[PDB]
Amino acid sequence: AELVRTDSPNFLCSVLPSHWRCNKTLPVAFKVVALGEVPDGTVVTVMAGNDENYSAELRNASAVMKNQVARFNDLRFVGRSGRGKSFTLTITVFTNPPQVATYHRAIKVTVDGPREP
Amino acid sequence: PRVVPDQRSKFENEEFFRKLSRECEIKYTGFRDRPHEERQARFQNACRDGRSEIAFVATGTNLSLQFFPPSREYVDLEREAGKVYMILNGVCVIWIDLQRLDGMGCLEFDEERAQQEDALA
Amino acid sequence: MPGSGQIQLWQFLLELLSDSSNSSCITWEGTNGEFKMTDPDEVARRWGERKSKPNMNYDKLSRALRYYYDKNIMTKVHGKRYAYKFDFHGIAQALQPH
DNA sequence: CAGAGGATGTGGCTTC
DNA sequence: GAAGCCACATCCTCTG
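Residues numbered from 1 in each chain as written, not as in the entry; some residues may be left out. Chains lettered and ligands numbered in written order. Heavy atoms only, no water. Residues with missing side-chain atoms left out of burial classes, pairs and counts.

For this deposited structure, the header cites X-ray crystallography as the method used and 4.2500 Å as the resolution.

Here it is in structure tokens:
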């Protein structure tokens, strides 16, 4: 699969596409990479951040770190971001202490996935 | 590396951190599809356990918190009635109405851990 | 609400309950909210006539109705061959707040 | 076979 | 007026 930067350069995640439909089987499932050696078993949740509806509804939002690569069976975005607006989704790693990498302009969550208008 | 070399600099340079350095509008994000009564109990029982999910409404930034290294200075329900008082992007950093499940909060650079963590290199 | 301007099912379906001349294809079943389904595929046909959807059948119209469940518009009378009922105590929370 | 249901395109209609 | 909604359309699937 293909990766992208984060706001924490210790972790990276999937290229979640520009604009997608409210609650779809993602076109590429969500990989989250541990460069810093993480105990393969640690939990990773995500929280969709946006000035509008600050905590959107998500599904299979929790995942397990395994071989330094936490994968989400199939994450799904339900709570819509709004017009032009995307999610600065937060990414938690359950450790002592836990760590987060913010991720601005992640994905635009509308009811239609971008049809040919 | 768990943290960035210029740990102090990033906090005092990044728009992301300084936008959260001031006292901002926060709210409880846990169990959004649940009645106001259930959300009130869940949030309180979780705070007592030393964990919750609060997000800066204004900016959009969500967080899952852990009030630890039960505690005292991390989760106090006495400082005021009807309310209660990590490594973010490689930067060591550190109230909600028990009825409304909303309130105010902010980030503060952790000089202590920033040294301890920087020393592990 | 946009039930006014653009044609619904439940808004359309009940053009045919209350009207005595369309009992050829349906009827109120009793004091409580319930309704029969005379011709299962003449029903769908006219809903095609309105929607401009000639492909329409029961299977199609039906699905649309089975959505209503999770939203609390209407519900099924279990086992009865093509008989559901309207939840009005909810249509007014779905057409007005609290 | 009806009946509940995920997935995904569709078309009319408010909102920026 | 594309960009978000909306409330079916059309679909192929199970499972009683």
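Anyway, onward from the coordinates.
Quick look at the protein's contact with DNA strand E now. Around DNA strand E lies a shell of 20 residues, among which A:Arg83, A:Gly84, C:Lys51, C:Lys60 and C:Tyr67 are the nearest. Close to the protein, within 4 Å, the atoms of DNA strand E belong to sugar or phosphate groups at a rate of 70%. At 2.3 Å from a phosphate oxygen of DNA strand E is found a main-chain nitrogen or oxygen belonging to A:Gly84. Within the side chain of C:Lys60, a nitrogen or oxygen atom sits 3.0 Å from a phosphate oxygen of DNA strand E. Elements with a minimum of two residues in the surface near DNA strand E: β12 (108–110) of chain A together with α2 (40–51) and α3 (58–71) of chain C. (Near = heavy atom within 4 Å. Polar contact = N/O pair within 3.5 Å; in protein donor to acceptor, adjacent residues only side chain to side chain. Helix = DSSP H or I, 4+ residues; strand = E, 2+ residues; numbered from the N terminus.)

Here we come to unusual backbone geometry. Peptide bonds are, in most cases, trans, and in most cases residues other than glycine have a negative phi. Note the cis peptide between A:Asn96 and A:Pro97, where omega equals 0 degrees. Note that A:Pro97 resides in the loop between β10 (90–94) and β11 (99–100). Located in the positive-phi region is A:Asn60, a residue other than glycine, with phi close to 50 degrees. Along the chain, the position of A:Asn60 falls in the loop between β6 (58–59) and β7 (62–64). Positive phi, normally seen in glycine, also occurs at C:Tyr82, with a value near 75 degrees.

Below, the discussion takes up the state of the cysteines. Residues and elements named next belong to chain B. For the coordinates displayed, the defined rule picks out zero disulfides over all chains. Free of any disulfide, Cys-92 has its nearest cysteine sulfur in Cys-106, 17 Å distant. Take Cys-92: its relative accessible area is 0%, and that puts it in the buried class. The thiol of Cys-106 is not disulfide-bonded; the next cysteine sulfur, from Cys-24, is found 7.9 Å away. For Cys-106, a relative accessible area of 37% corresponds to the partly exposed category. (Disulfide = S-S within 2.5 Å. Buried < 20%, exposed > 50% of the residue type's maximum accessible area, 1.4 Å probe, protein only.)

Chain A puts 24 residues into the contact, and the matching count from chain B is 26 residues. Carbon and sulfur atoms supply 52% of the area that chain A and chain B bury against each other, a total of about 2100 Å² over both sides. Between the two partners, chain A and chain B, sit zero salt bridges. At the junction of chain A and chain B, the tally comes to twelve residue pairs in polar contact. Those elements giving two or more residues to the side of chain A that touches chain B turn out to be β10 and β11 of chain A. By residue number, the principal contributor to the side of chain A that touches chain B is β10(A), which donates three residues. Among the residues making up the side of chain A that touches chain B, the classes are represented as ten nonpolar, eleven polar and three charged. Both β11(A) and strand β5 (residues 87–88) of chain B contribute to a ladder of two bridges, which runs parallel. By the bridge assignment for β5(B), A:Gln99 is matched with B:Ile87. (Contact = heavy atoms within 4.5 Å. Buried area = accessible area lost by both parts, 1.4 Å probe. Salt bridge = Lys/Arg side-chain N within 4 Å of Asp/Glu carboxyl O. Nonpolar A, V, L, I, M, F, W, Y, C, P; charged D, E, K, R; others polar. Pairing = 2+ DSSP bridges.)

A word on the sheet that holds β5(B). The six strands are arranged β7(A)-β5(A)-β10(A)-β11(A)-β5(B)-β6(B) in an open sheet whose pairing can be described as mixed. At either margin of the open sheet sits one strand with a lone partner, and together these are β7 of chain A together with β6 (91–92) of chain B.

A separate point is the environment of A:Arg5. Here A:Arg5 shows up in the loop between β1 (3–4) and β2 (11–14). With 57 residues separating them in the primary sequence, A:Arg5 and A:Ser62 have C-alpha atoms 21 Å apart.

Quick look at the packing of aromatic side chains now. Overall, the coordinates contain twelve aromatic pairs over all chains when judged by the stated rule. Aromatic pair C:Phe35 and C:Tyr84: ring centres 6.4 Å apart, planes at 25 degrees, arrangement stacked. Separated by 49 residues along the polypeptide, C:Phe35 in strand β2 (residues 35–37) and C:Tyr84 in strand β4 (residues 84–86) bring together distant segments of the chain. For C:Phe35, a relative accessible area of 6% puts it in the buried group. Taking the ring centre of A:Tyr54 as reference, the NZ or CZ of B:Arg32 above it sits at 4.8 Å. The ring of B:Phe31 carries the charged tip of B:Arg42 above its face, separated from the ring centre by 4.0 Å. (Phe/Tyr/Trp six-rings, centres within 6.5 Å; stacked < 30°, edge-to-face > 60°. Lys NZ or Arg CZ within 6 Å of the ring centre and 35° of its normal.)

Before going further, it helps to spend a moment on the environment of A:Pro39. Residues and elements named next belong to chain A. With respect to the helices and strands, the residue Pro-39 is situated in the loop between β4 (30–34) and β5 (43–47). Its relative accessible area of 56% is what places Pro-39 among the exposed residues. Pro-39 sits 13 residues away from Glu-52 along the chain, and the two C-alpha atoms are 35 Å apart.

Once that is clear, we can look at the pattern of salt bridges. The tally for this structure, following the rule as stated, stands at 16 salt bridges over all chains. Residue B:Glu12 pairs with B:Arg8 through a salt bridge whose shortest N-O separation is 3.0 Å. For B:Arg8, a relative accessible area of 37% gives the class partly exposed. Between B:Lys83 and B:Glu80 there is a salt bridge whose closest N-O contact spans 3.3 Å. Judged by relative accessible area, which is 11%, B:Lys83 ranks as buried. Owing to a relative accessible area of 35%, B:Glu80 belongs among the partly exposed residues under this scheme. When salt bridges with common partners are traced through the structure, they connect A:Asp51, A:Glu52 and A:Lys85 into a single cluster.

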